[PDB]
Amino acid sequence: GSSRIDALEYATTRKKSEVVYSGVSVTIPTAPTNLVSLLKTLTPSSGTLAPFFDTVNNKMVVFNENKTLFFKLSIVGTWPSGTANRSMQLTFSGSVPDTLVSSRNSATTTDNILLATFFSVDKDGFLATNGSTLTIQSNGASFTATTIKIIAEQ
């Protein structure tokens, strides 16, 4: 059972890109923006875009395995003073595209954002074959981010 134990150890070992950008000043505009293209201009405070964020094709990529990928994006920042209705959205291309939206209104005063989801990657499936283009967009006004934490794990 030696080889099968090796395989199980691999199967139960988390693979991850956990990248933190601290003390930055990054504009997330109201026009759609490729998130990998935006981030790769910055120097991480810790972590690396590789292996989950491909800086050649500007996409999230996955391991070709029947193992689900968990994704989280935590953004510290602000919209302009007085911005009432506002949201942050993030779309992932795929066989069916997924659009995350975090909306708020005047009742909420914090502007910090937390988006989380998962992708049920199939071997030789769409994500494994093509990757995913991540398109971020701020709604209501432009957003200025000062800390960004992005995680993809599988």
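The first residue of the shown sequence is 1; numbering continues from there.
Participant: Using only C-alpha atoms and the B-factors in the entry, which stretch averages higher, 25 to 33 or 113 to 121?
Facilitator: The stretch with the larger average C-alpha B-factor is 25 to 33.
Participant: Would 81 to 89 or 37 to 45 have the larger average of its C-alpha temperature factors, as given in the entry?
Facilitator: Per the PDB record, 37 to 45.
Participant: Comparing recorded Cα B-factors across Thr68, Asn64, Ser103, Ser106, which one is largest?
Facilitator: The listed residue with the largest C-alpha B-factor is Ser106.
Participant: Can you tell me which of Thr133, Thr146, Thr13, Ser17 has the maximum CA B-factor listed in the PDB entry?
Facilitator: Top of the list by C-alpha B-factor: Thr146.
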